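Okay, here's what each chain looks like letter by letter:
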Amino acid sequence: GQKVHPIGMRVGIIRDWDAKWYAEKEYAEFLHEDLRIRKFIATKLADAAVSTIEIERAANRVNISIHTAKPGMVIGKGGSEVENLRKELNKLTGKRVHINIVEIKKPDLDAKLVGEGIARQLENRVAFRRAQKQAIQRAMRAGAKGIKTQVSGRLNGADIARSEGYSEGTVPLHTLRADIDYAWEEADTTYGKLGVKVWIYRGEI
RNA sequence: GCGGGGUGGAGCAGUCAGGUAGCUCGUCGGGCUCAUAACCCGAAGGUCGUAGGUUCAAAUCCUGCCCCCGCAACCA
RNA sequence: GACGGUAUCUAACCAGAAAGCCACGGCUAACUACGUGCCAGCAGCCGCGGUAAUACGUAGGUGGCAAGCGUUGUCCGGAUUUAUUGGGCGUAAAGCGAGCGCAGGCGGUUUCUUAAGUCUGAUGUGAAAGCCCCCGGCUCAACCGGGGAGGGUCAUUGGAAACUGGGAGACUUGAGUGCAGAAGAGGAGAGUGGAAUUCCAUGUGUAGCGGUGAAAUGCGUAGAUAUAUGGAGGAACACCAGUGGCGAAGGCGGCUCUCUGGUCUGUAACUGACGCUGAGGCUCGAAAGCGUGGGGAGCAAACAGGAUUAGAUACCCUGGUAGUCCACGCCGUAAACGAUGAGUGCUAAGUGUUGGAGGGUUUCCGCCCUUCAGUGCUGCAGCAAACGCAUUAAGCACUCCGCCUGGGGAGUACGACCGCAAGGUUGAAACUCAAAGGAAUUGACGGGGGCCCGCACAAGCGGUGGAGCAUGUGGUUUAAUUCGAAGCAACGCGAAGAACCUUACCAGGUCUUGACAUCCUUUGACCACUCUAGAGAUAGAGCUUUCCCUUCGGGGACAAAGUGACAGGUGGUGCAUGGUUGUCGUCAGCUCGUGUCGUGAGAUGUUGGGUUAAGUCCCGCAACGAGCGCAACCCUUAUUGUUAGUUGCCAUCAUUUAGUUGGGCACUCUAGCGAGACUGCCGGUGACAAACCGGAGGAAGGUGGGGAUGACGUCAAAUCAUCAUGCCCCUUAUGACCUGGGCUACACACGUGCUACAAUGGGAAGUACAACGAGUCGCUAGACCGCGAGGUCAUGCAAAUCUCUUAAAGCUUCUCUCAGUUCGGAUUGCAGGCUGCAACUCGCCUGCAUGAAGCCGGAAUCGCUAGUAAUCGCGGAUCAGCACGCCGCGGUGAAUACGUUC
RNA sequence: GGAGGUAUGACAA
Ligand SMILES: [K+]
Ligand SMILES: [K+]
Ligand SMILES: [K+]
Ligand SMILES: [K+]
Ligand SMILES: [K+]
Ligand SMILES: [K+]
Ligand SMILES: [K+]
Ligand SMILES: [K+]
Ligand SMILES: [K+]
Ligand SMILES: [K+]
Ligand SMILES: [K+]
Ligand SMILES: [K+]
Ligand SMILES: [K+]
Ligand SMILES: [K+]
Ligand SMILES: [K+]
Ligand SMILES: [K+]
Ligand SMILES: [K+]
Ligand SMILES: [K+]
Ligand SMILES: [K+]
Ligand SMILES: [K+]
Ligand SMILES: [K+]
Ligand SMILES: [K+]
Ligand SMILES: [Mg+2]
Ligand SMILES: [Mg+2]
Ligand SMILES: [Mg+2]
Ligand SMILES: [Mg+2]
Ligand SMILES: [Mg+2]
Ligand SMILES: [Mg+2]
Ligand SMILES: [Mg+2]
Ligand SMILES: [Mg+2]
Ligand SMILES: [Mg+2]
Ligand SMILES: [Mg+2]
Ligand SMILES: [Mg+2]
Ligand SMILES: [Mg+2]
Ligand SMILES: [Mg+2]
Ligand SMILES: [Mg+2]
Ligand SMILES: [Mg+2]
Ligand SMILES: [Mg+2]
Ligand SMILES: [Mg+2]
Ligand SMILES: [Mg+2]
Ligand SMILES: [Mg+2]
Ligand SMILES: [Mg+2]
Ligand SMILES: [Mg+2]
Ligand SMILES: [Mg+2]
Ligand SMILES: [Mg+2]
Ligand SMILES: [Mg+2]
Ligand SMILES: [Mg+2]
């Protein structure tokens, strides 16, 4: 049967909102501005390993914390790339945008980054078992208490879609205290979308 | 010409011996069933072939008429 | 010298004239594109082809072979698939139903002899050519030549004597006889005994009896059933009785007698291999059946009637003929079964029991030991596909016999023999299939079993099904009635808001780089607005017409036009998909690692004894651990310490109409931090455990209540219409704009709801107590007008401050008086209120008027186990307006649970 | 614990 979103289950229990601002009359406007900001960043830095976007609002200002495993690539030489990003975002939003980059130590423990890697490899027609196996190995080396991965769709162009998954360690989705990260990524192939799901259980809080 | 029959869709009662239109199957609707059958609950369907008489009253009695069925319509 | 100017040799010239066939899914070496779409077609078998075909056709490649390649035909092989080499017959095909036996096959020990078999030598022959071995010739090879070898169940002849056979003896172990014993439903014949049934006779006696799931038929007042005494006759032999006995098998059970077979144990007197098997034959052979003649109680095909059933030529009931019985004679078949031919020898044990024998005891009885022949059970070695067999082999061996060779057709057809007949014995083919089959494994299932749980049933309360209306659906209708959902798990569902928009549908009016994108574009404003026509989209005029920098060349930001790439599909496929969700179900399960077991699929763990809500825990266990689940961590609710004390609270005080004001936060309250509940403690039960029962304390006790949380998976479940997306289709149209209409239709069927049918009520008046939530052009106070819906002015509040908001049931009085009503409030007329550009299609609401069905609802069916059902309101999401739906809140507040058969 | 006797359900997927 279906399962609650692993993150949504824990938001407000041990995980916090990414959109870290408060507003009453401008709630809808700020929320949609944030969504457009997130979409724009996703398009812009697609090649960079951008995972989490934390948005804070201070009056007309907007502070944006971007976590990435390639801070140099995001920054550019002498901050050229981050500065170009700021100007484009200022045009987009209509207000001062301050950007703060964060280094994602241990990229192997980020659900979105691991899932993105598997999706990229599938697009390149790597064996799905190989992609998932090496992802699990890297995660365990990084020190995840457990990891779980799943790929669904027309695997290897088969006419009947199915789901193939692997896991290692412990991933107790029902234990609320457990710090379990999750992310869903899609790989666009010749036969259509393949869904990639990654659960990463770190040290519980 | 001799008989037998026309009563709900079908098969039948009732008719002699006037008072009250039924039985079996069927049809329609709803149930039961995963579904169908069976089963269960409701409902419809004829003014008794037809026209006249008799009667207080006719599916029932009388007369005619029309349909349907079997038989006969000629023998040395 | 026919061949013949032939072979051959020499010299000149030229890569120039000289490579196809089949195959490429697996078997099988060889792979991709199109086209195709269960069509065309391929194919030796498996099998390919249903819109993404390495299997079809073409193409490009690749593999095999090559002047050949492939197809068909036929033979051998593979085929151990006729097994001499070299198979089998318990359950896969296969042991005749059993025995008696002629011929035949085979045969115990040993002395001598013989030399038929057997072994061996010599000789003769087994032509030549051809295979094979050496050696040669053609340029090689093919081919040719020379010399050898081989090839016989060969003939003659010489040897050997182990084995088989013959001949002459000997032997006693096998076989049989004698002698002494043992048991027995062995057979045949003639008698005979008791219980019971039925019938007959006679008493008593009265209204039933009998029978089924329930009934009926039937018997009975012409006296039944019952009951008592008798009589008749038939069949079978209770207790004993026992994997007990006996028989070759079929089979044989009261008792007695007569006739009669076999078996077993001793003994070692006798014979001295006389034995085993045994085609064909012969004999015997359950039950049913057949002929002749008897007999006939009970039972009982057929048959009759009563039931059951949709039907019931059956199961059930009441009767009942043949038959069952006897004699004689046929028949000759059975799952005639241990589904296992007979004989013989050999290969651990343990333990019953039948019939014996010997011994050591024991006074006897009896106990112990040994031993033979049966008969069971358990179990090594060994065997087996496995199940299993295992001194009573399916083990190890030898002899003889019967029998099997894929399934069906078929034990059929024809023929023959036998039979009175029924039929039996013998026994094919055409044709057709790629399976049939045995054992075991995992699931699923069972009108199998055991143990359990859930508002599953039971116990209860209230409903739906009946009526009106709201609402969804089917059906029908329509220009359209947009699309999706179809048992549980579709149908107050997507839709948390269809007059317009929404809107995807229809009619009509319209447009074509397009309503919306990115890229090139240019002599830059775009818009916006006024007027005109239009239903509007739109068009036709006027109207105004751009920002940002740099050094000034321009550029960048933005329109807008031109232009082509392109856009755009709520077009299709949820049987190509991602994502999301339903569902079993919050049920306790689902699995993995290592190890071990099994030939193997698999198994174990996860099972078992307890225990739990739980695969929860404990214990035991070839299992030891682990993971996803379970539980916990989380939210809310139930008590409370403390920090805080306004916008909240008011006890202490004084004042106000007012918690008002002052004053204080004490209380409540609010919300952070904590405390608290852990079977923690006590008693009893329990395997010293888990745990279970009870107790104390406490606000709360065993998960306190509730929520969130939904394992691996299941239904090609749902969604291409949230979104995204492979492939397919449309592209001046399936795309886009506008007006109107539709989605709201209405002979009918269903689901879900609301309102009722009244007195536990209707109406009137008075009076009291909540909670969750919402609020800026929004909640709206207060006042005034209005019968009312509402309207006017106007106030506070971005809110624990103000408002929505004095909640309704409730309680107290009055009235109605059982009435289709003073119930009911549908439909309808008129008149209004709002919201909105607009209320006809088609909104909600108000007043007056009208006053529908409805008198508690068939078959059937639903929810709920406590602050629950029932009932009463209040808020909110969507939202200009519009809910009987949904989400949430509080008020009042029960009945019942014996119990798990269904 | 074991052993001999006493109503229906096209076809493919
Ligand atoms: K092939
Ligand atoms: K053989
Ligand atoms: K036999
Ligand atoms: K000889
Ligand atoms: K005897
Ligand atoms: K007879
Ligand atoms: K037998
Ligand atoms: K014995
Ligand atoms: K055949
Ligand atoms: K009702
Ligand atoms: K209803
Ligand atoms: K689906
Ligand atoms: K799906
Ligand atoms: K294992
Ligand atoms: K507190
Ligand atoms: K779509
Ligand atoms: K699509
Ligand atoms: K329906
Ligand atoms: K309703
Ligand atoms: K009253
Ligand atoms: K309207
Ligand atoms: K509203
Ligand atoms: Mg190959
Ligand atoms: Mg081909
Ligand atoms: Mg052969
Ligand atoms: Mg068999
Ligand atoms: Mg057999
Ligand atoms: Mg007989
Ligand atoms: Mg009978
Ligand atoms: Mg036979
Ligand atoms: Mg024995
Ligand atoms: Mg009940
Ligand atoms: Mg109703
Ligand atoms: Mg509902
Ligand atoms: Mg519309
Ligand atoms: Mg329109
Ligand atoms: Mg299990
Ligand atoms: Mg567990
Ligand atoms: Mg265990
Ligand atoms: Mg849990
Ligand atoms: Mg489907
Ligand atoms: Mg569908
Ligand atoms: Mg589409
Ligand atoms: Mg509708
Ligand atoms: Mg009444
Ligand atoms: Mg319950
Ligand atoms: Mg309530």
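For this deposited structure, the header cites cryo-EM as the method used and 2.9 Å as the resolution.

In this section: the UniProt feature "domain: KH type-2" in chain A. Look at the UniProt record and you will see "domain: KH type-2" annotated at residues 37–105. In residues 37–105, the share of helix is 39% and the share of strand is 35%. The end C-alpha atoms are 24 Å apart.

As a further point, take the environment of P71. Positionally, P71 belongs in helix α3 (residues 71–75). Along the backbone, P71 and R38 are 33 residues apart, and their C-alpha atoms lie at a distance of 17 Å. Not counting chain neighbours up to four residues away, the residues in contact with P71 comprise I101 and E103.

This brings us to the sheet that holds strand β6 (residues 180–189). By definition, the strands of a sheet pair up through backbone hydrogen bonds, in either a parallel or an antiparallel sense. In spatial order, the strands read β5-β4-β7-β6; together these four strands make up an open sheet with antiparallel pairing. At either margin of the open sheet sits one strand with a lone partner, and together these are β5 (162–169) and β6. In this sheet, adjacent strand axes meet at a mean angle of 10 degrees when their direction is disregarded. The pairing of strand β4 (residues 146–153) with β5 spans eight bridges and is classified as antiparallel. Bridging across to β5, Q150 finds its partner in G165. The strands touched by helix α5 (residues 111–123) within the sheet are β4, β6 and β7 (192–201), with β6 carrying the most contacts at an inclination of about 20 degrees. Helix α6 (residues 128–142) rests against β4 and β5 of the sheet, and its axis sits at about 20 degrees to β5.

Cut-offs applied
Residues numbered from 1 in each chain as written, not as in the entry; some residues may be left out. Chains lettered and ligands numbered in written order. Part of a larger assembly, values for the part shown. Heavy atoms only, no water. UniProt positions renumbered as here; feature names shortened; annotations may be inferred. Helix = DSSP H or I, 4+ residues; strand = E, 2+ residues; numbered from the N terminus. Contact = heavy atoms within 4.5 Å. Pairing = 2+ DSSP bridges. Axes fitted to C-alpha atoms, helices over the stretch in contact; angles between N-to-C directions.

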